[PDB]
Amino acid sequence: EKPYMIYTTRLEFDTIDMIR
Amino acid sequence: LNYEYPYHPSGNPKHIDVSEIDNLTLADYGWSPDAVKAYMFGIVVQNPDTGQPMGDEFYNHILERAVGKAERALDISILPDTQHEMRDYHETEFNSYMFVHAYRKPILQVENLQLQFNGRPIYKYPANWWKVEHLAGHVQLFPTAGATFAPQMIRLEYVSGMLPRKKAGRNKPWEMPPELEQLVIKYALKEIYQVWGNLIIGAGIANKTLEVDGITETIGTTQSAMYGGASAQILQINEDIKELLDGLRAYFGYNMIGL
Amino acid sequence: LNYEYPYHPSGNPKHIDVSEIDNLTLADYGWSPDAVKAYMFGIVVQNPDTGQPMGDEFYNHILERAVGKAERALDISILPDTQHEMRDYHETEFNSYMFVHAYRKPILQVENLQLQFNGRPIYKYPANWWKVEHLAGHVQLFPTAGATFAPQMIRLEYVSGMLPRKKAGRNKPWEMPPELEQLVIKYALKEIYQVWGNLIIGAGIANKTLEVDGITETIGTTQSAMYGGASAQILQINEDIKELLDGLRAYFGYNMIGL
Amino acid sequence: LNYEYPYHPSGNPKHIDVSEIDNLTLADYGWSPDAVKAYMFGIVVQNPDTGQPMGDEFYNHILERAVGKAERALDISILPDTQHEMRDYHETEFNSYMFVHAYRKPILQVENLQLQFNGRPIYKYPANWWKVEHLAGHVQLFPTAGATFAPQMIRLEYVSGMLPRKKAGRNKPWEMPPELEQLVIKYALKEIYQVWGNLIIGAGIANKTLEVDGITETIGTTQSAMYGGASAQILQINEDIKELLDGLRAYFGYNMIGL
Amino acid sequence: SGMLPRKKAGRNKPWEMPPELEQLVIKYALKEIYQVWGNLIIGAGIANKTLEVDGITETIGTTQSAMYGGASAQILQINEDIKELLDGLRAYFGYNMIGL
Amino acid sequence: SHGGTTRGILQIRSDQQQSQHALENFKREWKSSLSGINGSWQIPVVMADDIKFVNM
Amino acid sequence: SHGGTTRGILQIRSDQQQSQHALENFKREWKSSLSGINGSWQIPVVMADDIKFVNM
Ligand SMILES: [Zn+2]
Ligand SMILES: [Zn+2]
Ligand SMILES: [Zn+2]
Ligand SMILES: [Zn+2]
């Protein structure tokens with residue numbers, strides 16, 4: 001009536017690239 | 001045919017009762033603090049010195065001002081209100097089937113229309129003569145049967161505003177478009193993002209690093225000497241507002257008057 | 001020939017029953033939360049305070065507003081609705097085989113067409129005279145047998161909207177083109193990415209490094225003091241929207257009127 | 001009809017009592033230090049030498065000057081005041097139903113209108129002749145019954161200003177639009193941010209690092225050799241001011257005069 | 001109305017689909033598939049990562065960035081190909097014209 | 001008997017074309033103010049971004 | 001009887017429009033210096049940023 005007035009993201013190694 | 005007197009079913013159909021204009025609220029149009037908060041899902045605005053969340057009073061205040069802004073960016077009356085106008089006689093438009101353009105649009109319904117002199121009715125036009133075009137804001141008469149202008153000869157009373165739409169995805173010409181709701185939400189949200197962009201990080205910090213006893217932390221924030229923390233969101237919201245306003249200024253037409 | 005009265009098979013063929021316009025839903029046009037999630041394959045939006053995924057209420061809300069946006073970016077009626085119009089007599093167009101352009105298009109079918117005076121029908125045109133062009137939004141009569149204009153002489157009732165397409169990769173002029181579906185999806189998706197962009201990292205973080213006892217972990221995120229987390233995706237979506245809109249604004253024509 | 005003499009219900013309806021113009025205050029329009037602090041939620045301005053928060057005297061000072069700025073950025077009278085004007089005879093406008101444009105607008109009501117010679121009233125126009133258009137600032141007469149100009153022939157007294165709006169989200173032509181309140185707030189806030197920007201860090205510091213015995217603490221602040229600590233917030237406030245001013249300069253018209 | 005699939009390699013009759021229009025439709029699909037895939041090459045919203053643990057160290061810079069998505073390059077090249085194809089096809093079909 | 005006598009095209013241009021409804025009530029604003037002898041010497045004021053008339 | 005005979009519009013332009021009071025006392029400066037036979041051959045000097053006259 002009246003006017004109003006006053007997570008998840010993981011780091012990990014690529015283990016296949018480590019094998020390479 | 002039978003009808004409540006002024007509301008002839010063809011020329012001036014009744015769309016709202018004058019009792020309801022007192023009862024309708026911002027919440028009936030889907031403007032609520034929760035409707036804002038939905039667009040910031042996963043954020044809370046919180047005083048870093050106390051952990052208290054911001055009170056909904058501020059949300060309601062911002063919403064009421066955002067509605068005012070929307071009612072000025074477009075030359076429209078959103079919320080229902082009773083308008084009483086005294087309009088000038090102009091010979092060309094009076095000859096043009098008593099054409100008058102209301103100052104406020106859409107027309108929900110016409111309540112009274114009279115020709116008068118010092119407040120005395122000189123003639124009261126039968127309601128079956130009234131022709132109304134609601135979204136345009138035009139009223140005319142189609143009678144069944146020394147100067148080019150004179151001030152305040154016509155007395156016009158009407159209700160302007162829009163009703164909340166009755167179906168999903170659809171609006172009648174007297175019903176609010178779904179996208180105008182989103183425009184008002186975006187206007188409120190831009191202010192809430194301006195508030196929240198001060199509080200994500202310690203005030204006036206652009207970079208911090210702390211090293212203590214073998215623990216080290218470094219943080220770069222979105223704050224910077226040029227840009228505030230919520231700059232990005234505000235820019236995107238301004239783009240959305242621009243698209244919405246282009247669309248709505250295509251829905252309502254360009255204003256024109258004959259001199 | 002035999003037909004349901006208004007729906008003469010040549011001039012005004014029946015395309016929908018007035019029962020179905022209440023039964024059709026957004027999901028029947030393929031606008032569904034599952035479609036949006038398919039375009040966001042491999043992403044999930046969840047509240048970090050609770051792990052709760054975003055509710056389908058928000059998706060349906062955004063979809064309905066995106067439909068409204070599409071219905072205003074183009075001067076079209078997407079969803080079936082019954083339209084009742086009171087149209088003005090104009091001498092040129094009345095002489096031009098009683099030409100009237102509907103305010104909303106496409107026309108699914110015309111329901112009534114009459115010439116009237118103070119709501120009394122002065123003449124009811126036989127349905128076998130009605131000629132309808134659905135995608136253009138044109139109605140004409142081809143009879144088998146003191147001023148240039150007058151207000152609201154013509155009473156026209158019709159159904160506007162589009163039907164879901166019957167075959168893959170094809171549409172009739174009264175069927176929704178396959179790419180307008182994707183335009184509405186892109187409009188919804190542009191909002192969902194703005195929500196998701198807040199939740200990839202803690203609030204207001206562009207960079208972090210944390211180190212403990214010589215174990216080091218370090219992130220640069222897609223957030224920045226200028227660009228939001230979903231900037232690139234929104235830019236691409238805007239490019240796609242631009243292409244789609246160009247195509248659809250070639251399908252529907254330029255608006256024109258004779259003064 | 002019965003009325004207090006000057007306030008004929010049709011031509012010059014009473015909108016305020018001359019007692020209330022002394023009782024109205026800035027706080028009644030919602031311009032209060034609490035409102036500013038609400039827009040600065042989660043920030044406190046305090047003297048670093050004493051911890052004393054900034055006093056409400058400064059807020060009220062800034063608010064009053066911001067009201068003055070708003071009353072000059074737009075050619076309007078915001079706060080109720082009694083205006084007494086001596087206006088020139090001009091033949092064209094005098095013949096045009098005694099047209100006079102007030103220097104200040106909106107008109108709440110006209111208090112006196114007379115034709116005079118050396119301060120003697122030559123004629124006193126009956127109040128039932130007075131026609132007032134409040135938002136335009138126009139006064140005319142519609143009588144019921146050697147040079148083109150002369151100085152100060154017309155004596156006009158009226159009240160200019162705006163009343164606080166009666167309903168949420170709405171205003172009559174004599175009521176302050178909800179967004180002009182926010183414009184005045186933004187003008188005050190733009191000064192408060194300039195004060196606050198000096199106190200986020202010690203004077204003149206853009207970066208600091210301090211290290212003792214291998215404990216390291218490091219800050220990059222939003223200050224820089226070009227940009228002040230509150231640069232971004234002021235830029236955003238200026239954008240909001242630009243939008244608000246465009247809207248309000250569409251609500252009030254372009255000034256024009258006939259030579 | 002419509003087109004038939006072409007009966008010979010490299011050739012089409014006027015009622016048969018040009019070979020390049022098939023490639024145009026493929027490129028249109030592929031642009032969307034690249035938009036999907038460009039989100040998944042890397043952890044969502046990561047532009048740089050470094051990890052150091054017990055004498056093993058890894059650093060990766062991705063094609064993702066605060067401006068550009070991971071598949072920006074492919075999409076740009078596909079847009080160039082689409083532009084060339086569309087110019088060619090808008091030369092094969094003529095300009096629309098009507099007499100008023 | 002068969003020709004186009006049309007004097008020219010009034011090009012009004014803005015960020016987007018008006019809806020058909022907007023354009024038809026602009027036609028009503030036009031004709032109720034400017035047509036025939038009754039309108040004959042009035043001039044419309046229009047505030048479009050640009051207005052052009054093409055002589056044909 | 002009904003027309004606009006108005007020769008044209010004198011467009012004066014600066015960073016912001018004059019207040020109505022300023023404009024009405026500019027009208028008094030104008031008429032007291034330039035109107036009728038009494039003013040007939042005087043020329044105003046004006047130092048606005050730009051001045052244009054539109055022939056209607
Ligand atoms: Zn209008
Ligand atoms: Zn059309
Ligand atoms: Zn004025
Ligand atoms: Zn052709």
# chains A, B, ... in the order shown; residues from 1 in each chain; ligands from 1
call {"tool": "residues_near_ligand", "arguments": {"ligand": "ligand 2", "cutoff": "9 Å", "atoms": "only C-alpha atoms and all ligand atoms", "output": "PyMOL selection string"}}
result
(chain C and resi 101-103+105+136-138+252-257) or (chain F and resi 20)
call {"tool": "residues_near_ligand", "arguments": {"ligand": "ligand 4", "cutoff": "7 Å", "atoms": "only C-alpha atoms and all ligand atoms", "output": "ChimeraX atom specification"}}
result
/E:94-97
call {"tool": "write_last_selection", "arguments": {"atoms": "N, CA and C atoms", "output": "compact mmCIF listing (two decimals), in the first residue's frame"}}
result
# COMPACT_ATOMS: atom_id res chain seq x y z
N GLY E 94 19.65 -17.07 -57.54
CA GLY E 94 19.72 -15.67 -57.91
C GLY E 94 19.18 -14.72 -56.85
N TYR E 95 19.27 -13.43 -57.15
CA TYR E 95 18.61 -12.41 -56.35
C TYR E 95 17.11 -12.43 -56.56
N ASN E 96 16.37 -12.31 -55.47
CA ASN E 96 14.92 -12.25 -55.54
C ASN E 96 14.47 -10.89 -56.07
N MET E 97 13.41 -10.90 -56.87
CA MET E 97 12.88 -9.68 -57.47
C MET E 97 11.39 -9.86 -57.67
call {"tool": "residues_around", "arguments": {"residues": "residue 85 in chain E", "least_positions_apart": "5", "cutoff": "8 Å", "atoms": "only C-alpha atoms", "output": "list in words"}}
result
residues 20, 21 and 24 of chain E
call {"tool": "write_last_selection", "arguments": {"atoms": "C-alpha atoms", "output": "PDB file, in the first residue's frame"}}
result
ATOM      1  CA  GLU E  20      28.677 -28.013 -51.203  1.00  0.00           C
ATOM      2  CA  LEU E  21      25.265 -27.491 -49.571  1.00  0.00           C
ATOM      3  CA  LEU E  24      27.312 -26.191 -45.421  1.00  0.00           C
TER       4      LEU E  24
END
call {"tool": "residues_around", "arguments": {"residues": "range 37-41 of chain G", "least_positions_apart": "5", "cutoff": "12 Å", "atoms": "only C-alpha atoms", "output": "number ranges by chain"}}
result
D: 147-148; G: 29-32
call {"tool": "calpha_fit_rmsd", "arguments": {"fixed": "chain B", "moving": "chain D"}}
result
0.3 Å
call {"tool": "select_by_dssp", "arguments": {"residues": "chain G", "states": "strand (DSSP E)", "output": "VMD selection string"}}
result
chain G and resid 8 to 13 50 to 55
call {"tool": "write_last_selection", "arguments": {"atoms": "N, CA, C and O atoms", "output": "compact mmCIF listing (two decimals), in the first residue's frame"}}
result
# COMPACT_ATOMS: atom_id res chain seq x y z
N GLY G 8 9.46 29.87 -39.61
CA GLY G 8 10.54 28.95 -39.33
C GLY G 8 10.83 28.91 -37.84
O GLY G 8 10.22 29.62 -37.05
N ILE G 9 11.79 28.06 -37.48
CA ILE G 9 12.25 27.91 -36.11
C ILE G 9 13.66 28.45 -35.99
O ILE G 9 14.54 28.09 -36.78
N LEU G 10 13.88 29.32 -35.00
CA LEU G 10 15.22 29.76 -34.61
C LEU G 10 15.77 28.76 -33.60
O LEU G 10 15.40 28.78 -32.43
N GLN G 11 16.65 27.88 -34.05
CA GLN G 11 17.34 26.94 -33.16
C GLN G 11 18.60 27.57 -32.58
O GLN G 11 19.55 27.88 -33.30
N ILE G 12 18.59 27.76 -31.26
CA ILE G 12 19.78 28.11 -30.48
C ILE G 12 20.11 26.86 -29.68
O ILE G 12 19.22 26.23 -29.11
N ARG G 13 21.40 26.52 -29.61
CA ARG G 13 21.81 25.29 -28.94
C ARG G 13 23.05 25.51 -28.09
O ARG G 13 24.00 26.17 -28.51
N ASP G 50 25.92 27.49 -31.14
CA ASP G 50 25.51 27.51 -32.54
C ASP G 50 24.08 28.03 -32.65
O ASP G 50 23.25 27.82 -31.76
N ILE G 51 23.81 28.70 -33.77
CA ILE G 51 22.52 29.30 -34.07
C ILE G 51 22.12 28.88 -35.48
O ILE G 51 22.92 28.97 -36.41
N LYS G 52 20.88 28.41 -35.62
CA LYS G 52 20.36 27.95 -36.90
C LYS G 52 18.91 28.41 -37.02
O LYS G 52 18.19 28.52 -36.03
N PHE G 53 18.50 28.69 -38.26
CA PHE G 53 17.11 29.00 -38.58
C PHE G 53 16.60 28.03 -39.63
O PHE G 53 17.16 27.94 -40.72
N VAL G 54 15.52 27.33 -39.29
CA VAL G 54 14.93 26.29 -40.12
C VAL G 54 13.72 26.89 -40.83
O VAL G 54 12.77 27.34 -40.18
N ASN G 55 13.75 26.88 -42.16
CA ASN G 55 12.66 27.41 -42.97
C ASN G 55 11.58 26.35 -43.12
O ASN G 55 11.84 25.25 -43.61
call {"tool": "closest_atom_pairs", "arguments": {"of": "chain B", "to": "chain A", "cutoff": "12 Å", "atoms": "only C-alpha atoms", "output": "JSON lines"}}
result
{"residue": "B:21", "atom": "CA", "partner": "A:1", "partner_atom": "CA", "distance": 10.9}
{"residue": "B:22", "atom": "CA", "partner": "A:1", "partner_atom": "CA", "distance": 8.1}
{"residue": "B:23", "atom": "CA", "partner": "A:1", "partner_atom": "CA", "distance": 8.5}
{"residue": "B:24", "atom": "CA", "partner": "A:1", "partner_atom": "CA", "distance": 9.2}
{"residue": "B:25", "atom": "CA", "partner": "A:1", "partner_atom": "CA", "distance": 7.8}
{"residue": "B:26", "atom": "CA", "partner": "A:1", "partner_atom": "CA", "distance": 9.7}
{"residue": "B:27", "atom": "CA", "partner": "A:1", "partner_atom": "CA", "distance": 11.7}
{"residue": "B:42", "atom": "CA", "partner": "A:7", "partner_atom": "CA", "distance": 10.4}
{"residue": "B:55", "atom": "CA", "partner": "A:6", "partner_atom": "CA", "distance": 11.1}
{"residue": "B:56", "atom": "CA", "partner": "A:4", "partner_atom": "CA", "distance": 10.6}
{"residue": "B:57", "atom": "CA", "partner": "A:4", "partner_atom": "CA", "distance": 7.4}
{"residue": "B:58", "atom": "CA", "partner": "A:6", "partner_atom": "CA", "distance": 7.7}
{"residue": "B:59", "atom": "CA", "partner": "A:4", "partner_atom": "CA", "distance": 9.4}
{"residue": "B:60", "atom": "CA", "partner": "A:4", "partner_atom": "CA", "distance": 6.3}
{"residue": "B:61", "atom": "CA", "partner": "A:4", "partner_atom": "CA", "distance": 4.9}
{"residue": "B:62", "atom": "CA", "partner": "A:4", "partner_atom": "CA", "distance": 8.6}
{"residue": "B:63", "atom": "CA", "partner": "A:4", "partner_atom": "CA", "distance": 8.9}
{"residue": "B:64", "atom": "CA", "partner": "A:4", "partner_atom": "CA", "distance": 6.9}
{"residue": "B:65", "atom": "CA", "partner": "A:4", "partner_atom": "CA", "distance": 9.0}
{"residue": "B:66", "atom": "CA", "partner": "A:4", "partner_atom": "CA", "distance": 11.9}
{"residue": "B:67", "atom": "CA", "partner": "A:3", "partner_atom": "CA", "distance": 11.9}
{"residue": "B:68", "atom": "CA", "partner": "A:3", "partner_atom": "CA", "distance": 11.5}
call {"tool": "residues_around", "arguments": {"residues": "range 38-45 of chain E", "least_positions_apart": "3", "cutoff": "7 Å", "atoms": "only C-alpha atoms", "output": "ChimeraX atom specification"}}
result
/A:9 /C:42,200,221-222,229 /E:34-35,69-71
call {"tool": "write_last_selection", "arguments": {"atoms": "C-alpha atoms", "output": "PDB file, in the first residue's frame"}}
result
ATOM      1  CA  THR A   9      37.333 -28.034  -9.259  1.00  0.00           C
TER       2      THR A   9
ATOM      3  CA  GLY C  42      28.863 -31.720 -19.115  1.00  0.00           C
ATOM      4  CA  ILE C 200      32.838 -21.616 -11.136  1.00  0.00           C
ATOM      5  CA  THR C 221      40.249 -18.616 -13.827  1.00  0.00           C
ATOM      6  CA  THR C 222      38.247 -17.263 -16.761  1.00  0.00           C
ATOM      7  CA  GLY C 229      33.163 -16.286 -16.172  1.00  0.00           C
TER       8      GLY C 229
ATOM      9  CA  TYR E  34      32.398 -27.391 -31.147  1.00  0.00           C
ATOM     10  CA  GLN E  35      30.540 -24.991 -28.847  1.00  0.00           C
ATOM     11  CA  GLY E  69      36.477 -20.016 -25.246  1.00  0.00           C
ATOM     12  CA  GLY E  70      38.417 -23.192 -25.862  1.00  0.00           C
ATOM     13  CA  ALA E  71      36.927 -23.763 -29.331  1.00  0.00           C
TER      14      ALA E  71
END
call {"tool": "closest_atom_pairs", "arguments": {"of": "chain G", "to": "chain F", "cutoff": "9 Å", "atoms": "only C-alpha atoms", "output": "CSV"}}
result
residue,atom,partner,partner_atom,distance
G:2,CA,F:41,CA,7.0
G:3,CA,F:41,CA,4.9
G:4,CA,F:41,CA,6.5
call {"tool": "calpha_fit_and_write", "arguments": {"fixed": "chain F", "moving": "chain G", "output": "short mmCIF file (atom, residue, chain, number, x, y, z; two decimals) with N, CA and C atoms, in the first residue's frame"}}
result
data_model
loop_
_atom_site.label_atom_id
_atom_site.label_comp_id
_atom_site.auth_asym_id
_atom_site.auth_seq_id
_atom_site.Cartn_x
_atom_site.Cartn_y
_atom_site.Cartn_z
N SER G 1 -5.20 4.05 -65.26
CA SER G 1 -5.90 2.77 -65.30
C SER G 1 -5.12 1.69 -64.55
N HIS G 2 -3.79 1.67 -64.69
CA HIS G 2 -2.96 0.57 -64.19
C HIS G 2 -1.73 1.02 -63.42
N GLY G 3 -1.38 2.30 -63.43
CA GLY G 3 -0.08 2.71 -62.96
C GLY G 3 0.00 2.80 -61.45
N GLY G 4 1.24 2.88 -60.97
CA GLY G 4 1.52 3.46 -59.67
C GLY G 4 1.71 4.96 -59.70
N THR G 5 0.72 5.69 -59.18
CA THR G 5 0.80 7.13 -59.02
C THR G 5 1.54 7.55 -57.76
N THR G 6 1.97 6.60 -56.93
CA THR G 6 2.51 6.89 -55.61
C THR G 6 3.64 7.91 -55.67
N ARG G 7 3.45 9.03 -54.96
CA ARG G 7 4.41 10.13 -55.01
C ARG G 7 5.79 9.69 -54.53
N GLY G 8 5.84 8.91 -53.46
CA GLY G 8 7.11 8.60 -52.83
C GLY G 8 6.91 7.77 -51.59
N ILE G 9 8.03 7.41 -50.96
CA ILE G 9 8.04 6.63 -49.73
C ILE G 9 8.52 7.52 -48.59
N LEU G 10 7.77 7.55 -47.50
CA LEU G 10 8.19 8.16 -46.24
C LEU G 10 8.97 7.12 -45.45
N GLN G 11 10.30 7.22 -45.47
CA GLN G 11 11.15 6.36 -44.66
C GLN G 11 11.34 6.94 -43.26
N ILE G 12 10.83 6.22 -42.26
CA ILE G 12 11.13 6.46 -40.85
C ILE G 12 12.00 5.30 -40.41
N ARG G 13 13.05 5.60 -39.65
CA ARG G 13 14.00 4.57 -39.25
C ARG G 13 14.39 4.70 -37.79
N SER G 14 14.43 3.56 -37.10
CA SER G 14 14.89 3.48 -35.73
C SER G 14 15.50 2.10 -35.51
N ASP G 15 15.98 1.86 -34.28
CA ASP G 15 16.67 0.62 -33.97
C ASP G 15 15.90 -0.63 -34.40
N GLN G 16 14.57 -0.60 -34.35
CA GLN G 16 13.78 -1.69 -34.90
C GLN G 16 12.46 -1.16 -35.43
N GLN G 17 11.94 -1.85 -36.45
CA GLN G 17 10.63 -1.52 -37.00
C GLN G 17 9.53 -1.63 -35.95
N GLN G 18 8.54 -0.74 -36.06
CA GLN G 18 7.34 -0.82 -35.24
C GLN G 18 6.56 -2.10 -35.51
N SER G 19 5.93 -2.63 -34.47
CA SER G 19 4.93 -3.67 -34.65
C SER G 19 3.79 -3.17 -35.54
N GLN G 20 3.06 -4.13 -36.11
CA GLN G 20 1.92 -3.78 -36.96
C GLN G 20 0.84 -3.03 -36.19
N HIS G 21 0.59 -3.42 -34.93
CA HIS G 21 -0.38 -2.70 -34.10
C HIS G 21 0.04 -1.25 -33.89
N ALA G 22 1.29 -1.04 -33.49
CA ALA G 22 1.83 0.31 -33.32
C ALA G 22 1.68 1.13 -34.59
N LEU G 23 2.01 0.53 -35.73
CA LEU G 23 1.93 1.22 -37.01
C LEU G 23 0.50 1.55 -37.42
N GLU G 24 -0.46 0.67 -37.12
CA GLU G 24 -1.86 0.96 -37.43
C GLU G 24 -2.47 2.02 -36.51
N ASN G 25 -2.07 2.08 -35.24
CA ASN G 25 -2.56 3.19 -34.44
C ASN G 25 -1.77 4.48 -34.69
N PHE G 26 -0.56 4.39 -35.23
CA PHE G 26 0.09 5.57 -35.78
C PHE G 26 -0.62 6.08 -37.03
N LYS G 27 -1.10 5.18 -37.89
CA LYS G 27 -2.00 5.57 -38.98
C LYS G 27 -3.28 6.23 -38.49
N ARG G 28 -3.81 5.80 -37.35
CA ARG G 28 -4.99 6.48 -36.80
C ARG G 28 -4.64 7.86 -36.24
N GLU G 29 -3.53 7.98 -35.51
CA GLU G 29 -3.04 9.29 -35.10
C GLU G 29 -2.84 10.21 -36.30
N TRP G 30 -2.30 9.68 -37.39
CA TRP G 30 -2.06 10.47 -38.59
C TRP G 30 -3.37 10.96 -39.20
N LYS G 31 -4.26 10.04 -39.56
CA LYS G 31 -5.47 10.42 -40.29
C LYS G 31 -6.41 11.28 -39.45
N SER G 32 -6.54 11.00 -38.15
CA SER G 32 -7.38 11.85 -37.31
C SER G 32 -6.83 13.27 -37.14
N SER G 33 -5.57 13.53 -37.48
CA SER G 33 -4.96 14.84 -37.30
C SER G 33 -4.64 15.59 -38.58
N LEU G 34 -4.47 14.90 -39.71
CA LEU G 34 -3.85 15.49 -40.89
C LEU G 34 -4.60 15.29 -42.20
N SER G 35 -5.63 14.45 -42.25
CA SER G 35 -6.25 14.11 -43.51
C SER G 35 -7.30 15.14 -43.92
N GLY G 36 -7.50 15.25 -45.23
CA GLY G 36 -8.50 16.06 -45.88
C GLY G 36 -8.34 17.56 -45.68
N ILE G 37 -9.44 18.27 -45.92
CA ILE G 37 -9.52 19.69 -45.61
C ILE G 37 -9.39 19.94 -44.11
N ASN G 38 -9.97 19.05 -43.29
CA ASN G 38 -9.96 19.26 -41.85
C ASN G 38 -8.54 19.35 -41.28
N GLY G 39 -7.63 18.52 -41.77
CA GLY G 39 -6.24 18.53 -41.35
C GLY G 39 -5.29 19.37 -42.17
N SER G 40 -5.79 20.12 -43.15
CA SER G 40 -5.01 20.44 -44.34
C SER G 40 -3.75 21.26 -44.06
N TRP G 41 -3.76 22.14 -43.05
CA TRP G 41 -2.60 22.98 -42.78
C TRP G 41 -1.83 22.61 -41.51
N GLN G 42 -2.20 21.55 -40.81
CA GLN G 42 -1.42 21.10 -39.67
C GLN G 42 -0.14 20.41 -40.13
N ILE G 43 0.89 20.49 -39.29
CA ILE G 43 2.17 19.82 -39.53
C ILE G 43 2.39 18.80 -38.41
N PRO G 44 2.68 17.54 -38.72
CA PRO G 44 3.08 16.59 -37.67
C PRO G 44 4.47 16.87 -37.12
N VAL G 45 4.61 16.72 -35.80
CA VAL G 45 5.92 16.61 -35.16
C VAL G 45 6.19 15.14 -34.89
N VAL G 46 7.36 14.67 -35.31
CA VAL G 46 7.80 13.29 -35.14
C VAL G 46 9.24 13.31 -34.67
N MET G 47 9.59 12.42 -33.73
CA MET G 47 10.89 12.44 -33.07
C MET G 47 11.68 11.16 -33.33
N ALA G 48 11.42 10.53 -34.48
CA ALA G 48 12.20 9.39 -34.92
C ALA G 48 13.68 9.76 -35.06
N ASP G 49 14.53 8.73 -35.05
CA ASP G 49 15.96 8.94 -35.18
C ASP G 49 16.31 9.60 -36.52
N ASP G 50 15.69 9.15 -37.61
CA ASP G 50 15.80 9.87 -38.87
C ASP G 50 14.55 9.65 -39.71
N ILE G 51 14.21 10.68 -40.49
CA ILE G 51 13.04 10.69 -41.36
C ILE G 51 13.49 11.14 -42.74
N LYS G 52 13.07 10.40 -43.76
CA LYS G 52 13.42 10.68 -45.15
C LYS G 52 12.21 10.43 -46.02
N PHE G 53 12.09 11.21 -47.09
CA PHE G 53 11.07 11.01 -48.11
C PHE G 53 11.73 10.83 -49.47
N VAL G 54 11.45 9.70 -50.10
CA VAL G 54 12.04 9.30 -51.38
C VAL G 54 11.04 9.62 -52.48
N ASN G 55 11.45 10.47 -53.42
CA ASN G 55 10.60 10.85 -54.54
C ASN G 55 10.70 9.79 -55.64
N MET G 56 9.55 9.22 -56.01
CA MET G 56 9.47 8.18 -57.03
C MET G 56 8.84 8.64 -58.33
#
call {"tool": "select_by_dssp", "arguments": {"residues": "range 5-211 of chain B", "states": "alpha helix (DSSP H)", "output": "CSV table (one decimal) with C-alpha atoms, in the first residue's frame"}}
result
chain,number,residue,atom,x,y,z
B,20,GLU,CA,-9.3,-4.5,-7.3
B,21,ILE,CA,-7.2,-1.5,-8.1
B,22,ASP,CA,-6.7,-1.1,-4.3
B,23,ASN,CA,-5.9,-4.8,-3.8
B,33,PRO,CA,12.7,-10.2,-3.5
B,34,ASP,CA,12.7,-13.9,-4.1
B,35,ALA,CA,12.2,-13.4,-7.9
B,36,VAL,CA,15.4,-11.2,-7.7
B,37,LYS,CA,17.3,-13.7,-5.6
B,38,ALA,CA,16.5,-16.5,-8.1
B,56,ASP,CA,14.1,-7.5,2.1
B,57,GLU,CA,13.0,-3.9,2.8
B,58,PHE,CA,15.8,-2.8,0.5
B,59,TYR,CA,14.7,-5.2,-2.2
B,60,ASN,CA,11.1,-3.9,-2.0
B,61,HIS,CA,12.4,-0.3,-2.2
B,62,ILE,CA,14.6,-1.0,-5.2
B,63,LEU,CA,11.7,-2.9,-6.9
B,64,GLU,CA,9.3,0.1,-6.5
B,65,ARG,CA,11.9,2.4,-8.0
B,66,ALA,CA,12.7,0.0,-10.8
B,67,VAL,CA,9.0,0.0,-11.7
B,68,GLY,CA,9.1,3.8,-11.7
B,69,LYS,CA,12.2,3.7,-14.0
B,70,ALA,CA,10.4,1.2,-16.4
B,71,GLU,CA,7.4,3.5,-16.4
B,72,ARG,CA,9.7,6.4,-17.6
B,73,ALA,CA,11.9,4.5,-20.1
B,91,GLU,CA,-11.2,21.8,-33.9
B,92,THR,CA,-9.5,19.3,-36.2
B,93,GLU,CA,-9.5,16.5,-33.7
B,94,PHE,CA,-13.0,17.3,-32.4
B,95,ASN,CA,-14.2,17.1,-36.0
B,178,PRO,CA,6.3,-11.2,-20.0
B,179,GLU,CA,9.5,-9.4,-21.0
B,180,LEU,CA,8.6,-6.2,-19.2
B,181,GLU,CA,8.6,-8.1,-16.0
B,182,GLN,CA,12.1,-9.3,-16.8
B,183,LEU,CA,13.1,-5.6,-17.6
B,184,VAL,CA,12.0,-4.5,-14.2
B,185,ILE,CA,13.8,-7.4,-12.6
B,186,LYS,CA,17.0,-6.5,-14.5
B,187,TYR,CA,16.7,-2.9,-13.3
B,188,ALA,CA,16.5,-4.0,-9.7
B,189,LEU,CA,19.3,-6.5,-10.2
B,190,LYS,CA,21.6,-3.9,-11.5
B,191,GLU,CA,21.3,-2.0,-8.2
B,192,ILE,CA,21.7,-5.2,-6.1
B,193,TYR,CA,24.9,-6.0,-8.0
B,194,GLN,CA,26.2,-2.5,-7.4
B,195,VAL,CA,25.7,-3.0,-3.7
B,196,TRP,CA,27.1,-6.6,-3.6
